[PDB]
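Next up: a single chain in structure tokens, the form deposited without this ligand.
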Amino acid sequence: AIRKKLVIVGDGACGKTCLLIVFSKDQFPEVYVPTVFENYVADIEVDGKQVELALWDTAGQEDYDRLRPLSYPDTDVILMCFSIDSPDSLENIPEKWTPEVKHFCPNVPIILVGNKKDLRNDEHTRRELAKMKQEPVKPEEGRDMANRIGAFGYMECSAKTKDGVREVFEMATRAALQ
């Protein structure tokens, strides 16, 4: 059961904490969705290999440039998050987060994760974005960014409906093992 460290990065409203909670609980929290995520050591067996994956979050650290990097030491896989209902969060990926991750975590694989894929086919979400000359992030836009930034992968998921959440973390375990 080799130990690997995963860190999730991204803008405040990208839904990274929600993703980490839904995976660890393995259930959409019926009564209360927590505000914070402390840590968790997931028992994962991907492709016949048993790995303990420590799950970490940078939520709350986004404005503190000398506090945030203290989460990066010994990272094995970085999950770069962005919201599908927020096209400006994807624009921030190559010019804010990517230079920083590649500096503190050299040679650590990065997986581009587009959260909230459910909102891509949501009425109120497409309506709000149209009132700012915009639309939700398209699949090819996320894939193009993942290629442009030199990511290992591009994946999509919906933390609310649970679609694709298990596979993000099984692929992350695989990337960490390379």
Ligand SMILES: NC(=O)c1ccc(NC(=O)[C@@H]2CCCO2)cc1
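The first residue of the shown sequence is 1; numbering continues from there. The term rigid core refers to the most C-alpha atoms you can superpose between the two forms while keeping them within 1.5 Å. Shifts are known only where both forms have a C-alpha.
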*asked:* Tell me which stretch, 127-135 or 54-62, has the higher mean Cα B-factor listed in the entry.
replied: 127-135
*State which stretch shows the higher mean Cα B factor in the entry: 36-44 or 117-125.*
117-125
*With respect to C-alpha B-factor, does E170 fall in the lowest, middle or highest third of the chain as deposited?*
lowest
*asked:* For the chain shown, is the CA B-factor of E156 in the lowest, middle or highest third of its modelled residues?
replied: lowest
*Third assignment of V101 from its chain's C-alpha B-factors*: middle
*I78: which third of its chain by C-alpha temperature factor?*
lowest
*Split the chain's modelled residues into thirds by Cα B-factor; is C14 in the lowest, middle or highest one?*
middle
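Keep in mind the form deposited with this ligand bound is missing from the figure; the text below concerns it.
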*asked:* If we define contact as a non-hydrogen atom of the residue within 4.5 angstroms of the partner, is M155 a contact of this ligand in the deposited complex?
replied: no
_Can you work out whether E123 and this ligand are in contact in the deposited complex, taking contact to mean some heavy atom pair no more than 4.5 Å apart?_
no
*Does this ligand come within 4.5 Å of any heavy atom of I44 in the deposited complex?*
yes
*Even though the chain is shown alone, can you say which residues of 142-170 have a heavy atom within 4.5 Å of this ligand in the deposited complex?*
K162, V165, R166, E170
_Once the rigid core is superposed, exactly one of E123, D26, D65, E30 has its CA displaced by 2 Å or more between this form and the one not shown; which residue is that?_
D26
_Mobile segments between this form and the one not shown [3+ consecutive residues, each C-alpha shifted 2 angstroms or more, core superposed]_ = 26-28
